[PDB]
Amino acid sequence: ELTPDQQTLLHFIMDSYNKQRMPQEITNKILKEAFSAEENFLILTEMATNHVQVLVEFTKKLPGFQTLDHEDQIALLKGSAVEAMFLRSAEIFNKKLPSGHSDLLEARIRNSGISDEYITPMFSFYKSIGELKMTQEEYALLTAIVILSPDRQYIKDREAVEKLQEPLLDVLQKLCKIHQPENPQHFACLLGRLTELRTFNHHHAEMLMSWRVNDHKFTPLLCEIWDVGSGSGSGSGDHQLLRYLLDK
Ligand SMILES: Nc1ccc(Cl)cc1N1CCN(C(=O)[C@]23C[C@H]4C[C@H](C[C@H](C4)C2)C3)CC1
């Protein structure tokens, strides 16, 4: 059972996590669009861009996130985007889409000019995440914990970040007791898939280097948050788009 303050915190998180969905225009493209590598790749690009917009809105409302330095805010956004995208896509693929949407979406991902050395880890992770059979609250807390990670590059005040991250980890452990009482190692399997999740930072960096992927013009938002051509760092002047979205 949760403390009053853990319950307040959990309700803040859930209210922000739920204000976030995939737009019907994007969902309909999975059926509507022609089936070619170029059009499949552009659907994935539109999903990634929407993922990032949603991630930014969620991030802004994490309790205490607004009390960090603007440059550290940028550094948490940049550092967590890839992991938060793969965690959210796993939720979508396992829990939100009808089975027909999920089957077709997978076919389009497998036929978008991305090499199979990046695809199969993605889907192996999706299956490994799905067998844990997580509730919405576990996805929401795990995403908050990924975002408020005191280990990202360019954070000036890591103690401020760890102090926000520590109460979310307590809540998560209790939630695993409450919703998975049969399995007392559930919490450890969750954090174990955090380890698998971080491997996608390197997979993704490799993917952006691929010659297929560079035959392509990313969206404004993806170029900024993934440093596609940009410079790396968290300087305020170097991320006007992110600052704009952060300031609402
Ligand atoms: N966004 C989403 C929602 C549901 C499901 Cl089943 C899968 C996904 N993707 C998995 C994560 N992704 C990517 O890594 C991408 C990585 C690079 C740059 C973008 C275009 C593609 C090449 C695929 C984003 C987007 C598609």
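Every number for a ligand or one of its atoms is a count from 1 in the order of the listing. Counting from 1, the numbers follow the sequence of the chain as shown.
For ligand 1, the atoms closer than 4.0 angstrom to any heavy atom of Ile109 are 7 (C). Those atoms of ligand 1 with a heavy atom of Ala48 less than 4.0 angstrom away are 24 (C). Each of the following atoms of ligand 1 lies closer than 4.0 Å to a heavy atom of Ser89: 2 (C), 3 (C), 4 (C), 5 (C), 7 (C), 8 (C). Distances below 4.0 Å separate heavy atoms of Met47 from the following atoms of ligand 1: 1 (N).
Atom 21 (C) of ligand 1 has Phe41 CE1, 3.9 Å as its closest protein atom, hydrogens excluded (heavy atom only). Annotation: atom 1 (N) of ligand 1 to nearest protein heavy atom, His51 NE2, 2.7 Å. Regarding atom 22 (C) of ligand 1, its nearest protein heavy-atom neighbour is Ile114 CD1, 3.6 Å. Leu44 O, 3.9 Å is the protein heavy atom nearest to atom 25 (C) of ligand 1. In terms of protein heavy atoms, atom 5 (C) of ligand 1 is closest to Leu105 CD2, 3.5 Å.
In this structure, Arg158 does not pair ionically with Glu162, as no charged nitrogen and carboxylate oxygen lie closer than 4.0 Å.
Of the candidates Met207, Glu91, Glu106, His216, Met207 brings a heavy atom nearest to atom 17 (C) of ligand 1. Of the candidates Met85, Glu46, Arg88, the one placing a heavy atom closest to atom 13 (C) of ligand 1 is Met85.
Applying the salt bridge (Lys or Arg N to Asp or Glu O under 4.0 Å) test to pairs two or more places apart or on separate chains, none has a residue in residues 126-143.
For the atom pair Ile129 CD1 and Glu91 CD, the distance stands at 10.0 Å (nearest 0.5 Å).
Aromatic rings from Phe123 and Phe93 are positioned such that their centres are separated by under 6.0 Å.
Residue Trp226 touches ligand 1 through its side chain alone, judged by heavy-atom distances below 4.0 Å.
Put simply, the residue from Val161, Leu76, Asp72 that forms a side-chain contact (heavy atoms from CB on, under 4.5 Å) with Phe65 is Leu76.
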